[PDB]
Each structure stands twice: as structure tokens, then as C-alpha cells.
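Given next, in C-alpha cells, is a single chain: the form deposited in one PDB entry.
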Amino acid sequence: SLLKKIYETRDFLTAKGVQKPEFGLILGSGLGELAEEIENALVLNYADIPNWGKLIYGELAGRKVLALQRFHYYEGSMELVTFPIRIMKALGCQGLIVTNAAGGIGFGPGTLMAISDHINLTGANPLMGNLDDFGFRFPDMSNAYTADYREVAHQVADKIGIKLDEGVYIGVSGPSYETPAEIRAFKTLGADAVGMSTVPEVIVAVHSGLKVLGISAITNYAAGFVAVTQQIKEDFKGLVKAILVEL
């Protein structure tokens, strides 16, 4: 069963040394280097973990984090994508900082975009269809991207001088990139950035009762539209640590 699997893995993790994580941290494509700065790190490889590419537990800005350096729906299962989020909850995390590499639609290269909301165009919902024992059939998604966290994110960014934009992320399955016409359609539907992750993790986070901060790093426009990537990367690492201090 799902819950039985959730326990086996939480116990293996706890015995390995995963004590009391406060935030889950999912590092997107190109954003993995911050895991190297986790102190007193416990490094466990994905293949080594039961029912489950590295897992890192340790200290970052002095916060205990369980960092993922991720599964995607396009690799083949919403269950494997979101199982890590269930584990974060089961180990006692209070929130999720989920990040990704996104194609720009409302924003160009260099943008760090904190996620205000999302659109699920993956064709799948990770809560389908067994979760009965959680007793939470119809999660409300109106504050999935915790307003309070986004407020903290902006306050920190404003203080320390890192530009932090804000907008809507549309999640699709991948793995092929979207065509120009698709991106035009997604703009019409209100999307500011697109990518192949995050939406399923966030839906599960909400069902889990987890608070969530979403951050998209935008290196490239999406289809139809020098280094920026070193700047992106430096800003990201600085902004994320500074946020963790007071999250």
C-alpha cells in the first residue's frame, strides 16, 4: 500500500540519519549546485532508497533541509514523481521549496520568477485515484503557492538587491519542447513560464498540508521568441539561502 511504502522509506531514511527536516528542497535542471553547500551533509543515492540523482539531508542557512538533486512524469508515473513529497511530509517538513528551469513566456532570460499560481496542462492529476486514509478528497488550491512565503521571498529579495519577478507557471508533460503555437496558446491562457515539473509535486504538497514556495529560473525564452546563466545561478543560490534564514 501507499502508506506502508511511506513508512518503510521514512524509517530507512530516519535510520540512515535523516533526523528532523524543516523544508523539502527540490532543485531543478541546472540548479543542483546549491546542494553542494549543505553542511554536515548525508548524501544518499536515489537507487539506494526503498520505493523510490541524489538525496541530501543536512544544514543550509542553518535550516535542516531534505534536498533533492528529481523524477519527472515524462520518465514514466505521477506516483514516483510525488512520492518524495509524501516522504517530506512523513519526516515532518513544514514546507517545500520547489524550483525549476522554465521557458520564458511573460519574462525573458535572466529572470528568477517566484510562482504565484500554476496551470496544470500535464493531462494528469497526481491525486488520482489509493488516498482514502488521508481523508482529504478535494483539496482547495487557492493558496497552493503560500502567499506568506511569497511575501517573505519578495521582502528578502528587495532587501538584498536580487530582482525577483512573479507569475504563473504552466506545467506540461514534456519531454519534447513546446511548439511556438503551443507557447502562443499558453500565453493566451495566462502563462508566464512553462516547464515539465513542479505542478504534480505542488498538488501533492497541498494534499499533504505542506506550505510551498515556487521558483522558476528562466535562462531562455520558450519557443517562438549571453553569461546569463552564471548570473541566474549566483542570484538563485543567494536568494534561496537568504530566504531560508527566516522562512
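From 1 onward, residues are counted along the sequence shown. Residues that one form lacks are left out of the comparison. Between two forms, the rigid core is defined as the largest C-alpha subset superposing within 1.5 Å.
Separately, the form deposited with a small molecule bound exists; it is not shown, and the next lines address it.
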Worksheet item: Would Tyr177, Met196 and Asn220 all count as contacting the small molecule in the entry with it bound, using a 4.5 Å heavy atom cut-off?
Response: yes
Worksheet item: Is there a heavy atom of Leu91 lying 4.5 Å or less from a heavy atom of the small molecule in the entry with it bound?
Response: no
Worksheet item: So in the entry with it bound, does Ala157 come within 4.5 Å of the small molecule, heavy atom to heavy atom?
Response: no
Discussion item. Can you tell me if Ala101 lies within 4.5 angstroms of the small molecule in the entry with it bound, counting non-hydrogen atoms only?
Written reply: yes
Fill in: Answer range among 117 to 125, 102 to 110, 78 to 86, 138 to 146 for contact with the small molecule, defined in the entry with it bound as heavy atoms within 4.5 Å
102 to 110
Discussion item. If I superpose on the rigid core and flag every C-alpha moving 2 Å or more, which consecutive runs of 3+ residues come out between the shown form and the other one, in sequence order?
Written reply: 130 to 135, 227 to 231
